[PDB]
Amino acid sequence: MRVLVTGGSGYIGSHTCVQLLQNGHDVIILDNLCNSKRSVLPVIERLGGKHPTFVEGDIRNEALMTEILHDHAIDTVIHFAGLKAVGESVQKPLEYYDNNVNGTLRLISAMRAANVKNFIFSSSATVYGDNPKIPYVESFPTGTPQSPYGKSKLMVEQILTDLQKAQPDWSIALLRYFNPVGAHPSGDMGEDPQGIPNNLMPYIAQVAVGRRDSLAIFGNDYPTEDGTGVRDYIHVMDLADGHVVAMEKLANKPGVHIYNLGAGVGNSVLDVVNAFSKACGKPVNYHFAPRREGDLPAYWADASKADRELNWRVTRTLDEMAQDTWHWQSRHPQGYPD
């Protein structure tokens, strides 16, 4: 199929592009480079084994999106583009609503204009809000996300749902992500955050590579087995594969298809730390710090629906997640070149 991958040069999108190309799809990447570099492009092509077309541009530019869509006879769109720093979202709400809410709105309006009706959206477990029932199941009513970031995702899910009701020929997949970690097994493609990493894995990795002193573990008094927060970690390669399957199986199948994409099990902060120390060959330095504002103690996905309906399930392990991350971090300590 002809697929437009917005945010295609970023973390999850890069890996997704590789798997898409491996599957022989024609890929057009759209990215504004606010959080990624052109240097990942040749890596995508090499690992994907096929050239993906790249367009530098912004999802907010409806006219350009329309042009791209038509120009490339796109059949389906995978939408990864947006902002995702939770804390920053609290500080700069407008930029989040603009990039995420308006950004998606501009893109789907362009789709309408171009007659494209298959969409895959990068959603989030934040949409469940403060749900005491774990694991989280797609059948659960959404809650109230605590940050502007979380809210922006839930708002987009609602807008897409309304759009589908109004244009019932559309196929829209709402893929709810949990905690994506890992890197392509080659060690040549991975997460390349700028500045202080907000997520656990990359932070640990930077401590391990020697850039940082100690990992601050946010809270050690939660009602979990070891007192640290528990999450559902998923290897970016499994996530990428889930996207290829969803795209292939849902294209032209009218409806709003919601799926949690996660491993279906929880791991604590210590479990992750331990796996990484094991991977890197040295004990990762860490200390206990106060709980992080707005954090939930524990949650993980219920991934039965994706297994059942798409025949998709994770295959990589937590150790692999840590190992692949360390491999990338260590092979490319400065990330992608400028």
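Numbering starts at 1 and runs along the sequence shown.
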Mean Cα B-factor comparison, 156-164 or 112-120, giving the higher one as deposited: 112-120
40-48 versus 289-297 - which carries the larger mean C-alpha B factor in the record: 289-297
Options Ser171, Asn100, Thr228, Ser147 - largest CA temperature factor per the record: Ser171
Top Cα B factor in the deposited entry, candidates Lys92, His243, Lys133, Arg212: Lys133
For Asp221, the third of its chain into which the C-alpha B factor falls: highest
Modelled-residue ranking by C-alpha temperature factor, third containing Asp307: middle
Third of chain Cα B-factors occupied by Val18: middle
Third assignment of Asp232 from its chain's C-alpha B-factors: lowest
Chain thirds of CA B-factor: placement of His70: middle
